[PDB]
Amino acid sequence: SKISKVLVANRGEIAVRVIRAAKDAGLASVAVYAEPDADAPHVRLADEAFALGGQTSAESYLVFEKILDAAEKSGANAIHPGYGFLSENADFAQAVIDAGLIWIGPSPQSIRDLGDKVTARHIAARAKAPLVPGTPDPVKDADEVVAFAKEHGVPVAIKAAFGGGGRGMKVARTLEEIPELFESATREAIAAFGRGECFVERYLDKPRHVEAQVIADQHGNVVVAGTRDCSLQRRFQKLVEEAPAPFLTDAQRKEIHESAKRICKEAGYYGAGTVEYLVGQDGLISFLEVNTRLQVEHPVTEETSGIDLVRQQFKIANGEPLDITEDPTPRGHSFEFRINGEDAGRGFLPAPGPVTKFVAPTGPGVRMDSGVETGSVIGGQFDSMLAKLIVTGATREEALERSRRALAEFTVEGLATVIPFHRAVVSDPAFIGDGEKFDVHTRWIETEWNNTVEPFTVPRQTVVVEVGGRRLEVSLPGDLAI
Amino acid sequence: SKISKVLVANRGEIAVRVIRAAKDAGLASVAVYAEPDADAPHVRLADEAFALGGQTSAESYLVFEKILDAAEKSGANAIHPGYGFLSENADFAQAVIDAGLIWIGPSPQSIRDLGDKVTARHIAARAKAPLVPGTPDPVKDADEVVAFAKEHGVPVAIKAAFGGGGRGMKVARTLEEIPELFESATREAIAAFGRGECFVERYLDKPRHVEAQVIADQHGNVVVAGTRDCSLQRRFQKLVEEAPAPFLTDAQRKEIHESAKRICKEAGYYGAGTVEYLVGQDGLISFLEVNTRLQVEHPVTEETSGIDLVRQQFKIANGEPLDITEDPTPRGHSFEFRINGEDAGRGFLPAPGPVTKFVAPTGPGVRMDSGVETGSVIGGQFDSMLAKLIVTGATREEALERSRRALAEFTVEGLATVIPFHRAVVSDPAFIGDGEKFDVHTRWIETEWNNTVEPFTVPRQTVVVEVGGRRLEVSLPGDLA
């Protein structure tokens with residue numbers, strides 16, 4: 001049956017956006033929640049909502065028992081996964097098919113053929129996308145990777161064929177590191193996931209990442225919506241992203257536009273999703289993944305293309321014929337900033353705390369979406385995200401203009417955040433584009449850029465005074481007298 | 001010679017919007033406030049702020065000296081008009097030029113020629129812009145009013161030369177009615193403005209308002225940067241904007257732009273502005289304005305076109321040649337709503353009160369010009385709006401569903417607001433056209449809309465200090481012990 005009542009099979013700030021989309025569509029919108037989320041904006045904005053119980057992802061969202069019980073009791077007829085969680089699961093796409101709900105995602109066989117990251121590389125090689133020189137099958141041992149580095153040069157990097165989530169990868173920068181770090185890559189892979197399929201490629205120093213958003217019909221037709229550069233990151237995890245990237249060269253942007261299509265048609269991908277590339281400073285572009293899931297930073301492709309990305313997943317999963325055929329015209333520049341609850345003065349050590357106040361940027365060219373609101377107590381129970389921040393202008397320096405106010409009107413207190421940090425990287429002569437190069441790279445903060453924030457650790461009176469009519473505010477000790 | 005510190009003297013939303021523009025541009029920014037505004041969002045956002053004093057706007061914001069004193073005490077090398085108050089009074093353009101401060105606005109001539117809309121009509125006749133023909137000059141007296149109404153045919157519109165905001169104007173259906181409307185118009189005009197200049201022209205039964213933005217350069221570049229439609233109206237005011245202008249063909253858009261180029265060249269125009277039209281439900285263009293304030297309707301053009309329009313105003317006031325020189329193609333569609341302080345459950349009677357709650361919508365496709373904040377206080381002593389809601393999408397359909405949801409989200413409590421009217425009118429079908437025409441016309445809300453709303457149920461101290469005998473008035477709260 002066509003999409004007619006929607007169940008969100010996810011939490012996190014995406015659950016808010018999905019209730020926005022569903023309550024746009026005016027259908028009964030359903031979400032499931034852990035106890036900390038029972039008060040969340042999305043949980044209370046949903047038309048109906050259901051408890052999973054528990055207080056952690058393994059207690060609640062990931063197990064089948066409670067999502068199955070919700071898929072019974074909600075009476076929904078479309079199942080929408082988001083980023084992370086069960087979105088990656090071809091057996092969940094199958095379970096949605098066996099429940100009979102519209103699967104807002106790619107086909108189960110495309111899901112597994114891309115979930116196998118060795119078949120995903122066979123996909124990329126068969127599509128003949130730009131590729132790093134790298135092995136088509138797992139290499140047996142470390143001193144053979146030393147021989148690999150003697151033949152191919154050094155660094156070399158090993159990736160798992162299965163498993164994910166920031167895990168299952170390691171690198172050698174000199175050949176004498178290889179004897180322990182091939183074993184380290186496999187030891188971590190078996191300890192986390194039990195899978196032994198791990199394979200090697202020649203690696204890149206100061207590496208960069210670019211991702212192409214794709215809309216793709218169940219009947220097999222495709223539109224490419226745009227690309228993000230993602231070089232500003234925390235410990236190789238997202239922080240600040242930009243779209244369009246001014247300094248990719250035209251013929252390589254063509255190559256990025258065509259390789260996405262070739263890889264997607266090889267993988268059979270459909271719905272809406274993202275194709276990803278490992279990118280170098282030396283003008284090397286290489287495929288890295290097709291993400292198999294939606295991404296946080298969809299808006300800077302949406303608003304620079306003029307097309308909504310999430311609602312195509314609806315039309316495509318319903319199987320009705322696609323209404324677009326050709327790549328849209330770009331406009332301007334934009335930045336996105338992921339707000340993290342992390343002690344950025346200590347190297348982003350994750351730390352808890354309440355949002356005791358919240359203030360939202362408004363006016364032109366700056367948009368937000370918020371995963372948290374006042375009273376939310378944050379902690380390590382989930383991936384460390386707090387909010388979107390979106391800034392756009394005719395050029396990078398005009399988004400660097402607007403983001404200063406964005407980070408001055410946006411504030412929360414009672415917890416550590418990236419908000420003091422973002423302003424400096426926004427204002428930095430190395431992060432600003434000269435017109436000719438990037439000079440920002442993944443893990444750029446921890447590997448080069450000079451951080452400046454002191455680490456996080458009776459009431460003042462605060463009173464207005466007017467002097468000559470000039471307004472001032474004065475902070476006065478809690479025992480000021482005589 | 002160039003902008004370096006900007007003072008914007010207006011109340012609320014536009015003050016925030018252009019202080020935001022300065023904060024973006026990195027300009028130094030100075031606010032001014034009356035007594036109810038001493039802790040307003042604008043005074044707490046600006047980098048500096050100065051009291052004008054006074055309990056209500058009319059006690060203070062009209063005084064040129066009270067502005068220019070704050071300008072020179074702050075060192076605001078630039079002053080912005082915004083909309084309302086002094087934004088379009090040449091007395092202030094003179095005062096700013098004689099004081100030697102940057103007027104962020106069109107020249108004294110360029111305002112003098114357009115503050116009275118009669119002078120815009122007198123240009124328009126020469127520009128061949130589509131008129132509501134009547135006569136370009138006003139007729140002499142009621143003896144001619146009855147003769148012209150009998151000659152041209154009632155209904156006739158009777159209008160004060162300065163009657164803008166939809167309240168200096170009248171319409172009559174029959175040839176016996178018109179002399180009483182012409183007297184009423186003249187004496188109410190004398191009561192509101194002292195001047196008595198009044199004109200008469202044939203009325204239009206189903207016009208629709210449209211306007212187009214124009215940007216013009218000290219180096220002579222000109223750009224027609226976008227279009228907007230203002231058909232949804234209640235108590236004869238603009239309240240919803242739609243952009244780029246919908247339900248207009250290229251055969252309309254052609255003259256809407258090309259008569260704007262001609263009429264702005266005939267005005268010698270430089271700086272930003274708009275040209276405004278009434279289009280019939282049959283699509284037949286006729287005139288209303290060429291407009292020189294930054295129209296409050298700016299958000300939908302700010303989102304559909306690649307311009308921070310006041311940043312472009314900064315560059316134009318800088319005398320820079322325009323770096324926008326192409327008549328653009330506006331994306332998709334967008335809606336915007338004026339979030340008025342009126343009780344839609346009570347005939348839209350005005351409703352003051354404390355803003356004990358304010359929550360305004362966020363996320364993709366929706367924007368806010370919040371000019372008020374939680375715990376503030378509202379009343380008719382100042383401008384009528386709390387804020388504005390703004391919506392955009394790839395086409396009306398998407399922006400319409402986004403509007404219905406956005407207005408179902410937008411929540412204010414402690415006073416009545418027009419937000420539930422917006423929710424209702426965004427549901428009422430006549431606004432949703434067929435693809436070649438649409439059914440909404442003037443008076444449509446107050447004639448066809450389905451109403452559903454239920455009625456809701458220390459002082460400061462001044463001390464004087466002297467520094468070497470130079471006086472310095474200081475003010476503090478009435479207690480600090």
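- Method of determination for the deposited model, per the PDB record: cryo-EM, at 2.9 Å resolution.

### Describing the sheet that holds strand β6 (residues 156-160) of chain B
Residues and elements named next belong to chain B.
Here comes step 1: The strand order across the open sheet formed by three strands is β7-β6-β8, and the pairing between neighbours is antiparallel. Two strands bound the open sheet, and with one partner strand each, they are β7 (169-172) and β8 (198-202). The average angle at which neighbouring strand axes cross in this sheet is 20°, direction not considered.
Here comes step 2: Note: β6 against β7, four bridges, orientation antiparallel. From the neighbouring strand, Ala157 faces β7, where its bridge partner is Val171.

### Points about the interface of chain B and chain A
Here comes step 1: Chain B puts 15 residues into the contact, and the matching count from chain A is 16 residues.
Here comes step 2: Of all the secondary-structure elements, those providing two or more residues to the side of chain B that touches chain A are β3 (48-51), α12 (396-409) and β24 (470-477) of chain B.
Here comes step 3: Here the side of chain B that touches chain A gets five residues from one element, more than from any other, and that element is β24 of chain B.
Here comes step 4: Taken together, the two bridges between strand β22 (residues 461-467) of chain A and β24 of chain B define a ladder with antiparallel strand orientation. Bridging from a neighbouring strand, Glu466 of chain A pairs with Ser475 of chain B of β24 of chain B.

### Some thoughts on the sheet that holds strand β7 (residues 169-172) of chain A
All names here are of chain A.
Here comes step 1: Taken in spatial order, the three strands make up an open sheet running β7-β6-β8, and their pairing is antiparallel. What marks the edges here is a single partner per strand, and that holds for β7 and β8 (198-202). Each strand of the sheet is rotated relative to its neighbour by a mean of 20°, with strand direction disregarded.
Here comes step 2: Sheet topology places strand β6 (residues 156-160) next to β7; four bridges connect them, and they run antiparallel. If you follow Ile158 over to β7, its bridge partner there is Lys170.

### What to know about the environment of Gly54 of chain B
All names here are of chain B.
Here comes step 1: Among the structural elements, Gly54 can be located in the loop between β3 and α3 (64-74).
Here comes step 2: With 20 residues separating them along the chain, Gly54 and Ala34 place their C-alpha atoms 5.4 Å apart.
Here comes step 3: Sequence-distant contacts of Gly54, that is, excluding residues within four places in its chain, are made with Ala34, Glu35 and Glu59.

### Topic: the packing of helix α5 (residues 108-115) of chain A against helix α6 (residues 117-126) of chain A
All names here are of chain A.
Here comes step 1: Direction vectors running N to C along α5 and α6 enclose 95°, while the axes themselves pass 5 Å from each other. Overall, the two elements α5 and α6 adopt an arrangement that is roughly perpendicular. In contact with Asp113, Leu114 and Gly115 of α5, α6 contributes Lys117, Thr119 and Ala120.
Here comes step 2: Grouping the constituent residues of the contact of α5 with α6 by class yields two nonpolar, two polar and two charged.

Criteria and thresholds
Residues numbered from 1 in each chain as written, not as in the entry; some residues may be left out. Chains lettered and ligands numbered in written order. Part of a larger assembly, values for the part shown. Heavy atoms only, no water. Residues with missing side-chain atoms left out of burial classes, pairs and counts. Pairing = 2+ DSSP bridges. Helix = DSSP H or I, 4+ residues; strand = E, 2+ residues; numbered from the N terminus. Axes fitted to C-alpha atoms, helices over the stretch in contact; angles between N-to-C directions. Contact = heavy atoms within 4.5 Å. Parallel < 35°, antiparallel > 145°, perpendicular 65-115°, else oblique. Nonpolar A, V, L, I, M, F, W, Y, C, P; charged D, E, K, R; others polar.

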